[PDB]
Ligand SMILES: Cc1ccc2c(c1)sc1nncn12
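A single chain comes next, written as structure tokens; it is the form deposited without the ligand.
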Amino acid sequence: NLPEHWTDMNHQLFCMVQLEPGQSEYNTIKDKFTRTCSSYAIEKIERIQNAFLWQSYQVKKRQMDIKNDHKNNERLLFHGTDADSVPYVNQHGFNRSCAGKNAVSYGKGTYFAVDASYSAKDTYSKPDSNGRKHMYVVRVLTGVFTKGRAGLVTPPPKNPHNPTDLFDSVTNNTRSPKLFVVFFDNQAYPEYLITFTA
């Protein structure tokens, strides 16, 4: 069920595809980034074609679309990371067990930002030895969310008398969400890698 606009991968399971400025695909990601990161400049944007991560993510999306009934369950969010983590994330996606404690913790999970400006902080997108910073653009199954708390290892129950029926994600603020935390594998697909510099 691989998307028809992906490059042919020749029975291979992984490929990074360099995008061309002037194409709508490149320009919409550039605009989404520059909305809050006008001071930085983009070196390049790569489409991540990971067949296995895509399959698992799409199975979780279809399950959450069934479970939630007519919710927009998916948001396009940002995740800054260090150069050392980029090969693992490209192949294996986002592992909560590898996640750094956030300066404002709303739970022990993987953090995704609404604003590129947040992920552009040196604390998340650490400049490598050549001054390159790295930010993923990520399909995240935010589903139905509530304000998190520092102690969470899973999203909280919607109802305390039904502890197993969980929120899909948590946020910093349900009125004005600026970040989302997810606690399960295959709940985020890294779709694009932005390489950028000051």
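Between two forms, the rigid core is the largest collection of C-alphas that superpose within 1.5 Å. Residues that one form lacks are left out of the comparison. In this text, residue numbers run from 1 along the sequence as written.
**Q** Indicate yes or no: is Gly93 absent from the model in at least a third of the other PDB entries of this protein that were compared?
**A** Residue status for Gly93: no gap in any other entry.
**Q** Take the C-alpha B-factors listed in the entry for 147-155 and for 64-72, compute each mean, and give the stretch with the larger one.
**A** Result of the comparison: 64-72.
**Q** Taking the recorded C-alpha temperature factors, which stretch has the higher mean, 104-112 or 121-129?
**A** Higher of the two, by average CA B-factor, is 121-129.
**Q** For the CA B factor values reported in this entry, which option in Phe183, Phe180, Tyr189, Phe14 has the top one?
**A** It is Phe14.
**Q** In the PDB entry, which of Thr36, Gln55, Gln49, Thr171 has its C-alpha at the highest B-factor?
**A** Highest C-alpha B-factor among the listed options: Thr36.
**Q** Comparing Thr197 with the other modelled residues of its chain, is its CA B-factor in the lowest, middle or highest third?
**A** For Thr197, whose C-alpha B-factor we compare with every modelled residue in the chain, the answer is the middle third.
**Q** Test of reading the entry: by CA B factor among the chain's modelled residues, which third contains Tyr40?
**A** Highest third - that is where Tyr40 ends up once the chain's C-alpha B-factors are sorted.
**Q** By the recorded C-alpha temperature factor, relative to the other modelled residues in its chain, which third is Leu77 in?
**A** Its C-alpha B-factor belongs to the lowest third of this chain's values.
The form solved in complex with the ligand is left out here; the points below concern that form.
**Q** Quick one: does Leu179 come within 4.5 Å of the ligand in the entry with it bound, counting heavy atoms only?
**A** The answer is yes: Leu179 has a heavy atom within 4.5 Å of the ligand.
**Q** Quick check on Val89: any heavy atom within 4.5 Å of the ligand in the entry with it bound?
**A** It does not: once the ligand is placed as it appears in the entry with it bound, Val89 has no heavy atom within 4.5 Å of it.
**Q** Is there a non-hydrogen atom of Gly93 within 4.5 angstroms of a non-hydrogen atom of the ligand in the entry with it bound?
**A** The answer is no: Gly93 has no heavy atom within 4.5 Å of the ligand.
**Q** Across 113-130, which residues bring a heavy atom to within 4.5 Å of the ligand in the entry with it bound?
**A** Residues within 4.5 Å: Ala113, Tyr118, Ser119, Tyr124.
**Q** After superposing the two forms on their rigid core, pick out the one entry in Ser117, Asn102, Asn73, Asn90 with a CA shift of 2 Å or more between the shown form and the other one.
**A** It is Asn102.
**Q** Thinking of the 3 angstroms or more shift, are the C-alphas of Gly148 and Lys101 brought closer or pushed farther apart in the entry with it bound than in this view?
**A** They are farther apart; the C-alpha distance rises by 3 Å or more in the entry with it bound.
**Q** Given that the CA-CA distance for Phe183 and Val104 shifts by 3 Å or more in the entry with it bound, does it become closer or farther?
**A** It is closer: the C-alpha separation of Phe183 and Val104 falls by at least 3 Å in the entry with it bound.
**Q** Enumerate, in order of sequence, every stretch of at least three consecutive residues present in both forms where each C-alpha is displaced by 2 angstroms or more between the shown form and the other one, superposition done on the rigid core.
**A** Core-superposed, the single displaced stretch is 99-104.
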